[PDB]
Amino acid sequence: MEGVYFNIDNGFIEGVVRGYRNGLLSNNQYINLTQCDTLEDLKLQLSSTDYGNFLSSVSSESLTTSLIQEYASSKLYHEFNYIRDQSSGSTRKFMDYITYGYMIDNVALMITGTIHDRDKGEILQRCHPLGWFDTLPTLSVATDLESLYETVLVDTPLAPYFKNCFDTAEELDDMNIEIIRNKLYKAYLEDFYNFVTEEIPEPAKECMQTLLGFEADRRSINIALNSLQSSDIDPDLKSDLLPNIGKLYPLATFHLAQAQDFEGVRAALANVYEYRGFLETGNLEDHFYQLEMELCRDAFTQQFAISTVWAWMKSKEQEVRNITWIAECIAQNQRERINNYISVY
Amino acid sequence: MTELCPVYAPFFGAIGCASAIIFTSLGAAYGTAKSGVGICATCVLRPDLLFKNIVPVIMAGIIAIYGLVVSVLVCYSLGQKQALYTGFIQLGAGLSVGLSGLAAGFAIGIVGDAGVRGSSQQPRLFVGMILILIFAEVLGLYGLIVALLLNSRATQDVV
Amino acid sequence: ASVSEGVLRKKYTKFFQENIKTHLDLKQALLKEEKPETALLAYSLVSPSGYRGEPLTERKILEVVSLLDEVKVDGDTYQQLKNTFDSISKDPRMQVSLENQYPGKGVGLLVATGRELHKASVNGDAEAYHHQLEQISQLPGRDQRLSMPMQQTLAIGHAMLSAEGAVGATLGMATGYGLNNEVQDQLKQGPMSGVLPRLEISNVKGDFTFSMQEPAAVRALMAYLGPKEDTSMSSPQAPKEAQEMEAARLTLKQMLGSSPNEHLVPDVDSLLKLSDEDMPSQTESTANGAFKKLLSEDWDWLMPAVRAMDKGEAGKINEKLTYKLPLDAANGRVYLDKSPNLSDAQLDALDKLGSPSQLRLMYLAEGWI
C-alpha cells in the first residue's frame, strides 16, 4: 500500500500542508467578514484567523483593497516557496511543474506589453511572482518570436513547448500572442499529464489525472467560446489549441473545433454528463470555480498523496479571491451581491 | 559413442545452425523497421525520393543473407557421429555472425532513419549517409569472415 | 442551384404506407391529391416496361425512386431530360455502346490473393477519384443535375468491387455472401441520388430496358457522348432523323461541359493504340499527364486546380497548391512544403484548355485516358 514508503521524505511536507489546510476559512467566518462595516473591521475580523497579524505594520488609513490582496497573496507565495525548499526528488519536479503554468502567463503578459510600447517596469509588476525565471525582463526586446526563442527562451524550461509554434515569421499582435499562449499551455498540460502518469504513485496518480483533466476541459470550453466571436479561424487550425487529455477529448473536442455558433457548443457539451448544466446560468466561471472546489475537497481525503499540495494551492487561491470580493464591496458600499463568494470548506 | 565423439555432440552444432539465422533476422528486422518508419514519414513530403531512400532497407536485408550462408554451410557438416570439437566450432561460427549481424543491424537502423530524414532537407547528405552505412555494413562482414574461417577448421584433422 | 435532394421518407408517406405491391392500379393510387400535371409524369419512369414482363411488379427500390421524384417545385429540367433521353435510344451507335459494356443480352494461393488485392486497390482508388469529382461540380459554372447522379453511381460500384476483392482475398488466405450483403445494404444509406430517365430500347431482338442507377449503363452512356460530330448527321442536307437524336446527343455532351469538337475516345484495350485520327492533339496528352500527376500525388489537388483553371489562372497552380507539413528530423521540426512540381511545358498546356470538361474528368477518374 501507499503509506509504507511515502513518509520517508514526504511526511513532514504532508503534515505541514494538512495544517495549512486547517486554516482555510469555513462558512461562518465569511459571514462574520460579510457583516463588517468599514475595512478596519475587516482587519480586526481577519486578525482572529490564521492570517492573524499580517496587516500589522500597515496603518489604520493606508488600508486599501489592492493592498489586502497583495499581502494575502504574498503570504501564500512564501508558504509555497517554503514547501518547495523542503522537497527533493519527485516532489520537487511536481512543484516545478506547478510553477511552469505561471511562467507561461508571465511570458504572454511580457510579450503583449512590449507591443503596446509601455514601460518595462510596469509590466514587471502585476506579473505573478511565482513563475519568475531571472531572464524574464530580457523579453522586452526584438518584437518577433524568432529573436525571442533563439536568444532567451532556449535556456528556460519552457523550451520544449515551442515545437508547434513556428508557423509565423512576422511581428506579433494580440491575436498571435494568444495563439502562442494557447499552444504553450496545450504542450504544458500534455507533458505534465505524462509526468504524472509515469512517475507519481497511485492514489495521487488518479487524483492528479482527474484534476488535470478538469483543467484541460475548462481550457477547451473557454477557447471554443472565445473563437466564435469577431474572428475567422480555420477549424483544423483551432484543433491545435485544444489539449489532448480530459474527459471530453476524443469526441467532444472534434465537435468544439467545428462549432460555428453558440448552439454548436451547447450541442457538443450535451453528450457529456458532467457538463451541459453550465450554459444556462448566471456567470459561467462560477460553475468552474464551484466544480474545482468540489474536486479539491475530494483530494483532501486521500492521506498519503502529494495531490494535497495541488489541492491546498488551488483552495487558498480561491480564498484570496473571496476576501477581495468582500473587500471590494465594503470599500465601495455594494452589499447587494456580497454573498456570492464560493465556499466549500 | 566414444569419449571424443559422444551422442550429445550434435546439440552444439544444431543450436549453432539456428543461432546464425535467428540473430541476423533480429538485426535485419530492427534495421528494416527503424529505417522504414523514417522512409514512410519522409516520402509523404518528397514522393520522388522514394527509390533513393530505399537503400538502408537493402543494406539491412543483406545481413540476413550472411546468416543464411552461414546456416546452410553448418548444416551440411552436421552428422550423427561427429565430435565435440566440431560442435564447438559450429557454435562459434553461429554466434559470431549472429551477434555481429545483430549489432550491425542496430547501427544500420539508427543511422538510416536519421539519414533519410536529413537527406531530404540537404541533397548533399545522401552521399554521407551511404558513407556511414558502408561502415555500419562491414561490421557484419567481419563476423562472416570469422564464421567462414572457423567452419574451414571444423573437420580438418578431427578423429 | 441545378439540383437539390431529400432523404426523409415520411413526407409523401401515403404511397408507401400500405401493401401497394402491384403496378396494376399503382397510377390509380398515385393521384391522391391535386396532382394533375405532376402525377402521370412521375409514372412515366416505370410506364413502358414496368408491367410488360415485370418481375414482382414492384420492389423496394423501384417504387421509392418514383416518389423521391418530387417535381412539384418545377417540372422543366426533368421534362427536357425525358425528351432528351429515349430520343437517343434509336441509333445503332447507342446499341453497340450497350454491347461492349454488357454480356450477350502453394504458389497459386499467392497468385489468387495477388489478383484479389489488386482488384481491391484498383477499385478503391477510383471511388476516391469520384468523391473528389462530385465536389468539382459543386463549383460555380458546372451542373449538378446530370453530373451528380451519374458519378454517384460509379463510386458505389467501385466500393462494391473493392469490398468484393478484400472479402475474396481474406476468404482465400484463411482457407488455403453474408459479408458481401452486409456491405451492399450499407452503401444504400446516406444521401439520395436524383433520378435520370430510363432509356428503354426496342430493336429487332426485343424490348430491353436498362436502369442508369447501375454502373454498366452509366459507363456505357459516357462512351456514347465521347466522339465529336462528323460532317454528316448535323447538316441540313440529310435531314432524315438526325435533328432529333444528334441534337439530343450534342445537348447532353454540352450539358456535361464538352465542346462539340472534342474527341475523347476510350483507350482501355489489349490491341494497338489510338491510331492517328482518334489520337490527341499533343496539347491534350500533355494536359492529361498533368491531370494524372495531380491525381497521383495528393487526395485534394484536383478540385482547387480546376477552380483556378476556370478563372484562367492556370499558370499560378504551382504556388496555390503548395502547403507546409512538419518533419520531425534529427534537428527539430522543420515544416517542409509539399507542392506539385509541374513543368512549364505542362503548365501552359493547362492554359490551352480553358475549362476542363466534366466528360474529360470522368474519363480521368474511370481510367480511359
# chains A, B, ... in the order shown; residues from 1 in each chain; ligands from 1
>>> residues_around(residues="residue 255 in chain C", least_positions_apart="4", cutoff="12 Å", atoms="only C-alpha atoms", output="list in words")
residues 2, 77, 80, 81, 84, 137, 141, 142, 143, 144, 145, 146, 147, 225, 247, 248, 249, 250, 251, 259, 260, 357, 358 and 359 of chain C
>>> closest_atom_pairs(of="chain C", to="chain B", cutoff="9 Å", atoms="only C-alpha atoms", output="JSON lines")
{"residue": "C:297", "atom": "CA", "partner": "B:47", "partner_atom": "CA", "distance": 7.6}
{"residue": "C:324", "atom": "CA", "partner": "B:45", "partner_atom": "CA", "distance": 8.9}
{"residue": "C:325", "atom": "CA", "partner": "B:45", "partner_atom": "CA", "distance": 7.6}
{"residue": "C:327", "atom": "CA", "partner": "B:42", "partner_atom": "CA", "distance": 7.4}
{"residue": "C:328", "atom": "CA", "partner": "B:117", "partner_atom": "CA", "distance": 8.0}
{"residue": "C:329", "atom": "CA", "partner": "B:117", "partner_atom": "CA", "distance": 5.4}
{"residue": "C:330", "atom": "CA", "partner": "B:114", "partner_atom": "CA", "distance": 6.0}
{"residue": "C:331", "atom": "CA", "partner": "B:118", "partner_atom": "CA", "distance": 8.4}
{"residue": "C:334", "atom": "CA", "partner": "B:121", "partner_atom": "CA", "distance": 8.9}
{"residue": "C:336", "atom": "CA", "partner": "B:45", "partner_atom": "CA", "distance": 7.3}
{"residue": "C:337", "atom": "CA", "partner": "B:45", "partner_atom": "CA", "distance": 7.0}
{"residue": "C:338", "atom": "CA", "partner": "B:45", "partner_atom": "CA", "distance": 5.4}
{"residue": "C:339", "atom": "CA", "partner": "B:45", "partner_atom": "CA", "distance": 8.6}
>>> residues_around(residues="residue 193 in chain C", least_positions_apart="3", cutoff="9 Å", atoms="only C-alpha atoms", output="number ranges by chain")
C: 5-6, 148-150, 152-153, 213
>>> select_by_dssp(residues="range 119-305 of chain C", states="alpha helix (DSSP H)", output="ChimeraX atom specification")
/C:119-131,154-173,180-184,215-224,246-256,285-297,303-305
>>> closest_atom_pairs(of="range 22-56 of chain B", to="range 122-136 of chain B", cutoff="9 Å", atoms="only C-alpha atoms", output="tab-separated table")
residue	atom	partner	partner_atom	distance
B:52	CA	B:126	CA	8.7
B:53	CA	B:126	CA	8.7
B:55	CA	B:130	CA	8.3
B:56	CA	B:133	CA	7.5
>>> write_last_selection(atoms="N, CA and C atoms", output="short mmCIF file (atom, residue, chain, number, x, y, z; two decimals), in the first residue's frame")
data_model
loop_
_atom_site.label_atom_id
_atom_site.label_comp_id
_atom_site.auth_asym_id
_atom_site.auth_seq_id
_atom_site.Cartn_x
_atom_site.Cartn_y
_atom_site.Cartn_z
N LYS B 52 15.34 6.46 -54.01
CA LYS B 52 16.62 6.91 -53.48
C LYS B 52 16.74 6.56 -52.00
N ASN B 53 15.64 6.65 -51.26
CA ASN B 53 15.65 6.41 -49.82
C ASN B 53 15.52 4.95 -49.45
N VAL B 55 17.60 2.57 -49.88
CA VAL B 55 18.90 1.93 -49.74
C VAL B 55 19.29 1.49 -48.31
N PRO B 56 18.81 2.06 -47.18
CA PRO B 56 19.11 1.39 -45.90
C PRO B 56 18.34 0.09 -45.69
#
